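To keep things clear, I will list the structure first and then write my remarks on it.
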Amino acid sequence: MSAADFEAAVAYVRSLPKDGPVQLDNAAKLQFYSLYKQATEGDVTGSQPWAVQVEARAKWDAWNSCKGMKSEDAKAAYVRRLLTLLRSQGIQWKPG
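To convert, note that position 76 of the sequence shown is 76 in PDB author numbering; the numbers rise steadily by one, no gaps.
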């Protein structure tokens, strides 16, 4: 598996049901969000959200923490994080 499997990894995460076999805590969701944005859009854009927008601000800050990361490195990190998260829940992943 490589950065070429990024889209399969994203599709898998998008497909996960709410209370299904894979559990994503806030940390994992923020890691996937930030690496996804870094992989697809590059460095963080725009102004920092207001703190009262807790989730929006957390997402933007997480993306900001990825600045300087090459898009292919963000793609690889996303797939690696999916594989590691699934392994921590007794699941082996393969695209498809």
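Every residue gets a Cβ at the ideal spot worked out from N, C-alpha and C, and that includes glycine.
Beta-carbon proximity check, residue i vs residue j, cutoff 9 Å
i   : j   : result
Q48 : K67 : no
Residue span of the alpha helix (DSSP H) that contains residue i, given as start and end
i   : result
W50 : From DSSP, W50 is part of no alpha helix (DSSP H); its letter is neither H nor E.
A28 : 26-41
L85 : 71-87
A11 : 6-15
Whole-angstrom distance between residue j and residue i, CA atom to CA atom
i   : j   : result
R80 : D19 : 23 Å
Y78 : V13 : 10 Å
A76 : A27 : 18 Å
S15 : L82 : 13 Å
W63 : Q92 : 27 Å
Residue i in three-state terms, based on DSSP
i   : result
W60 : helix
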